[PDB]
Amino acid sequence: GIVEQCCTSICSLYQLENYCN
Amino acid sequence: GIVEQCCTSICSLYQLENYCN
Amino acid sequence: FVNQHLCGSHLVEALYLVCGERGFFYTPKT
Amino acid sequence: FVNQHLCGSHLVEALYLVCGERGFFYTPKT
Ligand code: NA
């Protein structure tokens, strides 16, 4: 999930935007 | 929605918790 | 912190603190 | 601000800024 992708590893815009409504 | 209940009017715990997963 | 007007990042922050490990949804256009 | 490690409130803040009027969901236990 987001924590694995953005906290434990380096985040990306690409990943963040997957969690926008 | 949440903005109406918590930003434009005074928020509550009760209201906030309705938006927890 | 919760019984006040909470807007923008302030509201997000309150959700984060209250909801904890549950997480939350922020859907301002509702 | 986005191409870094972002945890906790820092991650929530990034979501808030990126997603704007769309809003977002924060579901840390996934
Ligand atoms: Na959601």
# chains A, B, ... in the order shown; residues from 1 in each chain; ligands from 1
>>> interface_residues(of="chain C", to="chain A", cutoff="10 Å", atoms="only C-alpha atoms", output="number ranges by chain")
C: 25-27
>>> write_last_selection(atoms="N, CA, C and O atoms", output="PDB file, in the first residue's frame")
ATOM      1  N   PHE C  25     -10.669   8.917   4.644  1.00  0.00           N
ATOM      2  CA  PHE C  25     -10.880   9.514   3.400  1.00  0.00           C
ATOM      3  C   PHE C  25     -11.280  11.002   3.486  1.00  0.00           C
ATOM      4  O   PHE C  25     -11.999  11.410   4.371  1.00  0.00           O
ATOM      5  N   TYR C  26     -10.685  11.793   2.605  1.00  0.00           N
ATOM      6  CA  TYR C  26     -10.862  13.208   2.570  1.00  0.00           C
ATOM      7  C   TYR C  26     -11.458  13.566   1.215  1.00  0.00           C
ATOM      8  O   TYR C  26     -10.825  13.435   0.198  1.00  0.00           O
ATOM      9  N   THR C  27     -12.745  13.934   1.225  1.00  0.00           N
ATOM     10  CA  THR C  27     -13.518  14.098   0.011  1.00  0.00           C
ATOM     11  C   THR C  27     -14.255  15.382   0.142  1.00  0.00           C
ATOM     12  O   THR C  27     -15.253  15.448   0.891  1.00  0.00           O
TER      13      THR C  27
END
>>> interface_residues(of="chain D", to="chain C", cutoff="9 Å", atoms="only C-alpha atoms", output="JSON, numbers by chain")
{"D": [8, 9, 12, 13, 16, 17, 20, 21, 22, 23, 24, 25, 26, 27, 28, 29]}
>>> select_by_dssp(residues="chain D", states="alpha helix (DSSP H)", output="ChimeraX atom specification")
/D:9-19
